[PDB]
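Asker: first chunk of the complex, coordinates as they sit in the assembly:
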Amino acid sequence: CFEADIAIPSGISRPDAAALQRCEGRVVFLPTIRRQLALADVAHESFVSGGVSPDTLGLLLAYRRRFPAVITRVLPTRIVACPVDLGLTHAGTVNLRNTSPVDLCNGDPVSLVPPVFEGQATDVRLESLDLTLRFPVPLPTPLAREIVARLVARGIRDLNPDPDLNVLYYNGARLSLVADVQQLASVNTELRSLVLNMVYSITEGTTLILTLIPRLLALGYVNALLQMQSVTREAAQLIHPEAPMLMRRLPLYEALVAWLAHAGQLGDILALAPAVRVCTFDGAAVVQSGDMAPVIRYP
Amino acid sequence: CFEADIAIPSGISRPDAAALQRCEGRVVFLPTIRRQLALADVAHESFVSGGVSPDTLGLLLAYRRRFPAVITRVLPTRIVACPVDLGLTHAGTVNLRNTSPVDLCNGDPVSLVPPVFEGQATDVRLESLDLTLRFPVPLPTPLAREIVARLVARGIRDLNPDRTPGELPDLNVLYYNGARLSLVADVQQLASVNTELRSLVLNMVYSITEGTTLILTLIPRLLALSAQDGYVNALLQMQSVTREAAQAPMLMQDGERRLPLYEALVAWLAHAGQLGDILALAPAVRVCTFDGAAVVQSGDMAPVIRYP
Amino acid sequence: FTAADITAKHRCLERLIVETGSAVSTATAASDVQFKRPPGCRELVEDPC
Amino acid sequence: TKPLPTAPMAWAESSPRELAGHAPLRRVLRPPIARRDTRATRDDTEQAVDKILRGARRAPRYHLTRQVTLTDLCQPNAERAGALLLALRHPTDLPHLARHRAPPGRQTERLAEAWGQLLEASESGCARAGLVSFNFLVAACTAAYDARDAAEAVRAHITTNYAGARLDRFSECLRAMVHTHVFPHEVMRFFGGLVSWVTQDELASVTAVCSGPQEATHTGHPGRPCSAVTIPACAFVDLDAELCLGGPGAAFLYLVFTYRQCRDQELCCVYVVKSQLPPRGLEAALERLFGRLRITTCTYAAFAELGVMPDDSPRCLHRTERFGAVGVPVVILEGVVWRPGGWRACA
Amino acid sequence: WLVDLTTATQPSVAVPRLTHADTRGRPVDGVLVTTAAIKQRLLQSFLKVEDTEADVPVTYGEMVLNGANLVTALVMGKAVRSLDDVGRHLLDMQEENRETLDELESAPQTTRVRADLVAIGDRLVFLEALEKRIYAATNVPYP
Amino acid sequence: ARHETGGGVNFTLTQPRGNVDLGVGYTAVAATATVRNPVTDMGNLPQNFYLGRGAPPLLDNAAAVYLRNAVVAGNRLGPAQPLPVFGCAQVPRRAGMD
Amino acid sequence: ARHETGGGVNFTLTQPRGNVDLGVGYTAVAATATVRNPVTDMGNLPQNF
Amino acid sequence: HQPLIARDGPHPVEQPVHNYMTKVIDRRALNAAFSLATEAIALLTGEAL
Amino acid sequence: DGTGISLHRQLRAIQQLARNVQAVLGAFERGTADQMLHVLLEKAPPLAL
Amino acid sequence: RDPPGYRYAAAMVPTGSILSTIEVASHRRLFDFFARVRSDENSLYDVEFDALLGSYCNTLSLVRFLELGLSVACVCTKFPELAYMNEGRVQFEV
C-alpha cells in the first residue's frame, strides 16, 4: 500500500488521543510521500500560505498540490495513512468514512474542502499539542461538482442582490445546503475569493471574444464558418452585451494570453477530479453516512 | 507494464549508439499501441505529413494524436518505453528526465511541449540510419498552457494581419520564477493555426449562455472592487479587456425556474474551463518524489506518478 | 435482375466454386421449349454464369 | 518430456532476492549500531482449512463488484458469461430535478408520469432495482436507432426471456429522459462483466467484474454449466467497428449514446465503438460519422471508456447465440480488459 | 493438364487398413473416373502409362457395439467408436503432444482384380470408365 | 474464496447442496398446534384511498381539494405531505404503538 | 519474456542473430521466370488534384 | 495444429493456432424389390403339389 | 479439488502447453530457413543486370 | 426444461424399493416426468444412441534446417554472446 507513518508529537491529553482514535478512515493530504512525516506538516496550520488561513479557493489549490492519504490505523505515537495516488489503479482497498450523502456502490468520491458544509464542524481541534485537522468531505463527483458550482452561483447572487439553489434532493431525502444562521456569512466569506475568480474569468472571457470575433473575420474560411454556426448565438450575444456594455488587437492578443491561462487554472482547481472509486463486495452497496466504505484508487 | 519494444535498425555508429544511451527517461510518441514496432515510426521523419514537416503548432496537433511513451531502458537492439497513455500501471513511478530550463516542484502535473525555447538542444541526429529524434520538453501544465497560449496568439494576431503599425507586443517571452524564457518564433502554418484558432473560437462561444448575461451585469461591480480591495485589484490584470469593457437583466426570464446562473457556470466550466487540454495535450503525469526531495533540478530524473 | 437471389447468396469463394459444380438449373431439358423448372426435379447442372 | 534446448524451458515450465533480503537484514542479529572491539466429507473439511493454509501463506488483474437487485429490468439468467451490465442510479428523482435543468417549453411532468407509470407497469423494501443489462437497452432503442430486425432480433430475445411492456415503458422513459435534458447517461454507468448471478425468486445477487480481464474469471468451457464466455456485443447492430482503415494497435472499447432532438423526436442510440484512438481523439471522430447534431441545445453524444482489447483480432461477429428460442447477431470480442473510465460529453 | 488434375487436391487421413492401391508394391493414391470414350482416347495417345492389370485391393471394415458400448447406449444413451482403447488410454493417464496412438491391425486380405492404373506425373492412379461394369443395362444415367 | 475488504481480508465459505424428496406420496405433515399471539391489533383502521392514485379526480378543482383534506385531515394513515410522484405515499408514523 | 498479457500469460521467445557476406564480390544472383498475375488493373484512372 | 515461422522485425509476433471442427455424418438409405409371383408361392411352399 | 475430475483437466492442460512449445521451437528452425532467403535476396542483383 | 424422459434400462437394476403402494396419478405433479402405461406400450421399447465415429488429429512436422538445400549457402555457428556483442567485423586481405 506504501504506508506513510505520521508521528504524533510529544505527550497529548487523554481526550485528544481519543479524538485521533476517531479519525481513522479520514482523508489526509500529506505534502510529500516521505515515509516519515510529522503531524504538524499535515495539520491545517500547515496550509497557511500568505500569512492567513486559506479560504475555500486557497484550500482547493492545496488539495490539488499535495497527496491525499486515507488514515488506515491510528496508533498512539503514530498515524498510518496510505496515499491514494501510489500504486496500481483499482487496488489497495482502504476504508473511508462517509460524510453527508450516501456514497452508493460507485461514483468516484471527490474530497472537497470542508467549509462547503458546516464550517467548523469537522475542525477536530487538539489543544494539548495546539494544532487542528480539517478533513475534506468525501462526495461523489457528479454531486461534488453540482455543489461547488451551486454555491458559487449563490455567491454571485449575493454579490449584488436586491428559486432556491439551496434545497437539494439527493437520493431518499432532500439534502440541505444552508445551515442558515451566520454560517452562510462564514460560507459566503470563504467562497468570496472563489466567486471573484469565477466572475472575472467569465466577464473577461466574453468581452474578449466579443471584441475578437468582430475584430477578426474582417481580416476566409474563418469568416464563413464562424458566422455560419454562430447564427443568432455569438452574434446575437455580441449585440446584446455591447448594448449593455462598452466596446485593440495589440492589447487584445496580450490579454487573450493572460485570460487563457487564468481560465485553465480555474478548470484545474475546479472539476474536483476524483481521487478514488467505491467498489464494494459482500457489502451493503450503499454506505450510510458515517459508515466506513470500501474504496479503490482510480475512478 | 505493457512495454512497447522499439527495434534499433542495423547499426548506428558507435557514436550514435552512445547518443541513444543517454536518451533514457525521455519521451517518445508512437503511432499505435504495439508490441512490435520499427525505430522509424518514432522518428521525426514520421511526424512529416504529406511532403511537409509540421511547424511547432503542428507538432502539438501531432502529439495530440499518437501516444507519449517515456523511455525506461535502452538495449542493444530494442528501446523499451511504456505507453503512459495506457501502461502507466506501475506500483511505483516511472522516471521522467527533466529536459527544460524549468523545474518541476512536487505535485506539478507534467504536460509535454515540442521543443520551444530560444536556446535548446533537441536534435539527436543519428547518421547511420537516416533518422532523428526531437524529444518533447516536459513542463508544468501552468507553464505549458501559458506557452500554447503564446503560440496560438502569435499565430493568430499575425494572421489578422495587424492595419496597426509593425511593432506588436512581445508574446514571445515568458517568466517562470525568475529566468526570462524566450520562445522560438519561426513559422506559422495556415492549417496549424486554423485548427488552433477554430477550436479556440468554437469553445469560447459555447461558454456563453442565457445566464451569462446575468454575469455581464457584474462588470461595473467588479471595478468597484478593482479599487477598494488589494485583492480583486490584483485579479484584474492591468491589460484587462474587462477594464476596457466598462469604459441589464433584460427581463426575459422563462418562467423563473431554470437557475440560469448555475447552468451558466456548468456550461462555461466545461467548454472554456477546459481549454489548455483541448488546445494542447493535458497532463498525464505529476511529479512525485518518494525520497522527499521536493523539486527536480533541470536535467535530473523526475519520479513521476499517474494523472493529477 | 433478381436481387432477392444475388444478395441471398454468401460471399466466400471456397464454397461458390464447389456449388458451381452442381447448381440446380433453372430450366429443364425434358420439355420441347425450355420451361421454368418444375418443382419436383433438380438438374444439378454446372452453370458458371 | 524434457527438451534439447534446456534454458528456454526452466523459465517456461516454471524471490532469491527476498531470500537474500532476509539474509543480511533478518539473519543479522542486534543490528545496527556497533560496539568497538470421513472419506469425502473429511477430505473436504481438511482441504478448506488447508486452502486457508496456502492462501494464508502468500499475500491485481481482477476486481469483482457484487450487488443485489431485482429481475424486473436487467436479468442475469437470460444473459450469459460475457455481458455488459450498466448501473442505474436513484429512481427518487421522478423528474424532481425535471423542475430544473429542464428548458422552458418542456412539460417536465413527462418523466414523473412516464417513469412512475413504469413502476405501475412493473415500493421500496428488501431490495432496489439497479443493474440495467446491455441487452435491455438494445431492445428498448431497437426500433429507435438505425438497423431494424437485426436490432429487433435482440428485442425478440428479451421479450421471450427477460416483457414488452417494460421494454415499452422503459423506452417511454428514455424518450422522456432525452426530452427533458436529464440524459440516459448521467444515469446508467458501467458496472461490469457478469461473473455469476445467484438469483432467487424476484431477487438476484449479481457478481460482476469492476475491472480487469474477463477471460480469466470463472472460466471453464462456460461459467458453471452454462456456455463458454465472451464479451459479445449482441448486435451486428451494435459493435460499430471503427478503424475502417487501421494498423495494429490495441483496439479500444467505448460506450456511446446517440440522440435525436426532434429530428427523430428524442432518439436513443446505444452502441460500442472499437478502434484505436485515445479518448482525446474519439471526440473528433465522433463529431464526424454523425449528422445527429440537430438542434432542430447542442449535446448529441456522451461517451465513457470501458477498456482495452489488447489485441486487435478477436472481433468475431456472430448472429449465432441462443438466449432461449431467439437468435441474435452476436459479435464475439476475444479478450477484454476493463477500464471503467468516466463519462465525457460536453457537446 | 493431367498433373494439374492429379495434383490439385490434397491428401487426407492415412488409413492403414486401406492397403487398397498396389501393384508390385507402390500404393495407388487416386482414382480417375471418366467416360468410356475419354478413357479410351486418353489411353490411346496421351497418358498410356501402365503398371496395371493388377491391383491388390483390400476387403471390408467392420464396426460393432460390445462391452461398455452397449451399457452406455442403453443407459444414458450414447456411443463412441473404439471406447475400449479410448477409455483405456484416458484412464492409464490418470495414474501412469505426441499423441500417436491411432489404431493398427489387420493388414487385411488382398486379391488381384484386373485393374487399370497409370502414372500421371509421379503418382499411381486408377482409370475407371464404369459405364459398362455397373451402369450398363440398368437404365440408370451415368453420373 | 478470499476477497480483500475494508481493513481486512474476507474468506467466504460456500457449500453446494442438492436434494430430492424420496417419496411417491405425502411424507411429512404439519399441524398447527396453538397460537402464540395475534401479531396485529385486530382493530379498526380504515382504508384511505387518497394514498394511491388510480382514479381521475373531481373536475371542480376546489371541490377536489376541499374533498381531499376533509378526509385526509386526521387519518390514522392519512398522507404525510402532498403525494410526491415518487418515494412512497408516506403513511405518517405515530410516536407510540401498543 | 513472461510479461503477463490481457487474458492470459504470454511468453515471448526471441534470439539475437547476425550475418555477413563472405563473398569478396557478387555472390548469389536472382532471376525472374514468369509473371503470376498483373495485380493492379492496368488502366484508366485520372489523378485528381 | 498449424506450424508457424518466427519473424524478425516490426511483424506482430505469431503464436500457434489450433483448429477443432466437427462434421456430421450424412445419412441415407437404399431400396430394391424382387417381388414374387402368386403361382410361384404355391409351388415353392409346397401347398400345391 | 480431489475429484478424479481435477486430474484429467490438468493432464489436458499439460497436453496443450508442450504442444505449443514444440510449435514455437520448430519456429526458429522454420524462421532460420526463412531468414536465409531474405538475406540472400537482399544481396542478389537480377541476372538481367 | 422438457423432461429427458424415463430411463427404462437402469430401471431394470433398481437401487431401492418403494415402500408404499398408492394410485400415483393423484400425485401426478410431484414429478418432472410421469407416464401411466396401462398394461404395455410401444414407448417402453424405444432405444436410441448417437456416436462419434472418429477423431483425426494432425502430426505437426518439424523441419531441422541443417537437413535442407539452403544450408549449403552459409556457415552457421552458435555464438551465445552475440547478445552482449557490439560489432562483428570480418577482414579480407586479397
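Answerer: It's in. Numbers count the residues shown, from 1 in each chain, chains lettered A, B, ... in the order given.
Asker: end-to-end on stretch D:334-344?
Answerer: 26 Å (CA to CA, to the nearest Å).
Asker: near chain B, anything from that stretch?
Answerer: No: Stretch D:334-344 does not reach chain B (CB under 8 Å from any CB of the partner chain); its nearest approach is 8.8 Å. Backbone N, C-alpha and C define where each C-beta goes, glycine included.
Asker: Which residue does chain H have closest to chain B?
Answerer: Nearest residue of chain H to chain B: residue H:10, at 4.0 Å (CB to the nearest CB).
Asker: For that residue, give me its contacts.
Answerer: B:7, B:34, B:36-38, B:41 (CB atoms under 8 Å, 6 or more residues apart in numbering or on different chains).
Asker: Mind doing that once more with 7 Å?
Answerer: Neighbouring residues of residue H:10 by CB atoms under 7 Å, 6 or more residues apart in numbering or on different chains: B:7, B:36-38.
Asker: TSV please, covering these and showing neighbour count, secondary structure and distance to residue D:292.
Answerer: Shown next, in TSV, are those (neighbours: other CB atoms under 10 Å in any protein chain shown; DSSP: H, G, I helix; E, B strand; the rest coil; distance: CB to CB, whole Å):
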residue	neighbour count	secondary structure	distance to residue D:292
B:7	17	strand	44
B:36	17	coil	38
B:37	23	coil	37
B:38	16	strand	39
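Asker: For residue I:14, state which of those residues is nearest.
Answerer: Within those, the smallest distance to residue I:14 is 29.3 Å, found for residue B:36 (CB to CB).
Asker: quick one: the spatially closest residue to residue D:335 that is not a sequence neighbour and residue D:70, what's the gap?
Answerer: Excluding the flanking residues, the one nearest residue D:335 by CB to CB, 6 or more residues apart in numbering or on different chains is residue G:7, at 3.6 Å. From residue G:7 over to residue D:70 the distance is 32 Å, taken as CB to CB, to the nearest Å.
Asker: Also residue E:86?
Answerer: 48 Å.
Asker: Residue A:264 too?
Answerer: Taking CB to CB, one finds residue A:264 at 45 Å from residue D:70.
Asker: residue in the stretch 151-300 of chain D nearest to chain J?
Answerer: Per CB to the nearest CB, residue D:225 is where the stretch 151-300 of chain D lies closest to chain J, at 12.5 Å.
Asker: OK, contacts around the spatially most central residue of chain A?
Answerer: The centroid of chain A falls nearest to residue A:112 when counting by CA atoms, centre = their mean (3.8 Å). Residues in contact with residue A:112 (CB under 7 Å, 6+ apart) are A:136-137, A:139, A:144, A:148, A:272.
Asker: Among those residues, which pair sits farthest apart?
Answerer: The span of the contacts of residue A:112, defined through CB to CB, is set by A:136 and A:148 at 12.0 Å.
Asker: check contacts around the residue in chain A that chain F sits nearest to.
Answerer: Among all residues of chain A, residue A:95 sits closest to chain F, at 3.5 Å; criterion: CB to the nearest CB. Shown in contact with residue A:95 (CB under 7 Å, 6+ apart): A:25, A:292-295, F:6-7.
Asker: Would you mind measuring from it to residue A:29?
Answerer: 18 Å.
Asker: do the same with residue D:218
Answerer: From residue D:218 across to residue A:29, the span is 40 Å (CB to CB).
Asker: likewise residue E:46?
Answerer: Using CB to CB, residue E:46 is found at 94 Å from residue A:29.
Asker: cool, and residue D:181?
Answerer: According to CB to CB, residue D:181 stands 36 Å off from residue A:29.
Asker: what about the closest residue to residue D:220 other than its chain neighbours, neighbour count?
Answerer: Of all residues beyond its chain neighbours, the one nearest residue D:220 is residue D:229 (7.9 Å), with distances taken as CB to CB, 6+ apart. Close neighbours of residue D:229, defined as other CB atoms under 10 Å in any protein chain shown, add up to 24.
Asker: Chain K should join the structure above:
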Amino acid sequence: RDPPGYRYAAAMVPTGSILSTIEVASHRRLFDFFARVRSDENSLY
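Answerer: Placing chain K onto the earlier chains gives this:
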C-alpha cells in the same frame, strides 16, 4: 441449430492422422463446429 461441439477427451486418442497440413479456416463451414484457438483458450478445460 446450435450444432454439436468438439469432444476434447475423445481427442487425445485419435483414430487417424490428417495428412494434409493446410491453413484451415478458409474451409470454414464444411464443419458445423469450427473453433479456432490461438495459443490456447479457456474453453478446452
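Asker: Once more for the contacts of residue H:10, now including chain K?
Answerer: Contacts of residue H:10 (CB under 7 Å, 6+ apart): B:7, B:36-38.
Asker: returning to what we had before: look up which residues are beta-bridged to the residue nearest to the centre of chain A.
Answerer: Beta bridges link residue A:112 to residue A:137, judged by DSSP bridges.
Asker: Pairing-wise in the sheet, spell out the partners of the closest residue to chain K within chain H.
Answerer: Closest to chain K within chain H is residue H:21: 3.5 Å, counting by CB to the nearest CB. Beta-bridge pairing of residue H:21 under DSSP bridges involves residue K:34.
Asker: Can you tell me the closest non-neighbouring residue to residue 20?
Answerer: With no chain named, the answer covers chain A. Sequence neighbours aside, residue A:74 is the residue nearest to residue A:20 in space, at 5.2 Å (criterion: CB to CB, 6+ apart).
Asker: wait, I meant chain H there
Answerer: Using CB to CB, 6+ apart and skipping residues adjacent in sequence, the residue nearest residue H:20 is residue K:6, 4.0 Å away.
Asker: measure the residue nearest to the centre of chain A to chain G for me?
Answerer: Distance of residue A:112 to chain G, given as CB to the nearest CB, to the nearest Å: 35 Å.
Asker: Next: residue A:163.
Answerer: To chain G, residue A:163 is 50 Å away according to CB to the nearest CB.
Asker: number of nearby residues for the residue in chain D positioned nearest to chain I?
Answerer: Nearest residue of chain D to chain I: residue D:43, at 5.6 Å (CB to the nearest CB). Residues within reach of residue D:43, counting by other CB under 10 Å, total 12.
Asker: contacting residues around it?
Answerer: If you count contacts by CB under 7 Å, 6+ apart, residue D:43 has them with residue I:2.
Asker: Please export the C-alpha coordinates of the helix or strand encompassing it as CSV.
Answerer: Taking DSSP states H and E as the criterion, the element that holds residue D:43 is helix D:40-55. The C-alpha coordinates for helix D:40-55 follow below in CSV (Å, rounded to 0.1, in the frame of the first residue of the first chain):
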residue,chain,number,x,y,z
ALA,D,40,-15.1,-37.4,1.2
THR,D,41,-16.6,-35.0,3.8
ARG,D,42,-13.5,-35.2,6.0
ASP,D,43,-11.4,-34.7,2.9
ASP,D,44,-13.4,-31.6,2.1
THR,D,45,-13.1,-30.0,5.5
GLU,D,46,-9.3,-30.6,5.6
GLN,D,47,-8.9,-29.1,2.2
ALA,D,48,-10.9,-26.0,3.1
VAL,D,49,-8.7,-25.4,6.1
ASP,D,50,-5.6,-26.1,4.1
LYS,D,51,-6.8,-23.8,1.3
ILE,D,52,-6.8,-21.2,4.0
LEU,D,53,-3.3,-22.5,4.6
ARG,D,54,-1.8,-21.8,1.1
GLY,D,55,-3.8,-18.6,0.6
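Asker: Counting by contacts, list what the helix or strand just after that helix packs against.
Answerer: Moving toward the C-terminus from helix D:40-55, the next helix or strand (DSSP H and E) is strand D:65-70. With contacts taken as 3 or more CB pairs under 7 Å, 6 or more residues apart in numbering or on different chains; DSSP states H and E, strand D:65-70 sits against strand D:203-208.
Asker: Show me which positions of the strand it packs on end up buried.
Answerer: By neighbour count, and taking 16 or more other CB atoms under 10 Å in any protein chain shown as the criterion, the buried residues in strand D:203-208 are D:204, D:206-208.
Asker: again, but for stretch C:24-39
Answerer: Residues of stretch C:24-39 classed as buried: C:25, C:37 (neighbour count, 16+ other CB under 10 Å).
Asker: Run the chain-centre distance for it.
Answerer: Relative to the mean C-alpha coordinate of its chain, stretch C:24-39 is positioned 11 Å out (CA atoms, centre = their mean, to the nearest Å).
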